[PDB]
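Visitor: Provided hereafter are the protein sequence and its experimental coordinates.
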Amino acid sequence: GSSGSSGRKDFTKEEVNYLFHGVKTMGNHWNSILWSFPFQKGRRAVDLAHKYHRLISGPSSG
């Protein structure tokens, strides 16, 4: 289970696919993921780490 409904500048469910798809092999290698999978133009590798952070901060509390 993994759902959401934010109609604003955030990751699509497609980018979050590649996020975990990457980390599941890569481990925490963020620049590597950013290059390995198709992601939003003008991204930084931090955006991956930063979204991931909120993903592992789960629902509620934040």
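Guide: Done, it's in. Numbering: from 1, shown residues only.
Visitor: grab the longest helix from the protein for me.
Guide: Counting by DSSP state H, the longest helix found in the chain is helix 13-26.
Visitor: do you know how far residue 51 is from residue 27?
Guide: From residue 51 over to residue 27 the distance is 16 Å, taken as C-beta to C-beta, to the nearest Å. For every residue, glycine as well, the C-beta is placed using N, CA and C.
Visitor: out of those two, which sits in the busier spot?
Guide: Using other C-beta atoms under 10 Å, the more surrounded residue of residue 51 and residue 27 is residue 51, with 15 against 10.
Visitor: is it true that that one touches residue 16?
Guide: Yes: the pair residue 51 / residue 16 is scored as a contact, 7.3 Å apart, by C-beta atoms under 8 Å.
Visitor: overlap in contacts of those two?
Guide: By C-beta atoms under 8 Å, 6 or more residues apart in numbering, residue 51 and residue 16 have no common neighbours.
Visitor: who are the packing partners of the longest helix of the chain?
Guide: helix 30-36, helix 45-56 (3 or more C-beta pairs under 8 Å, 6 or more residues apart in numbering; DSSP states H and E).
Visitor: what distance do you get for residue 23 to residue 5?
Guide: Residue 23 sits 23 Å away from residue 5, going by C-beta to C-beta.
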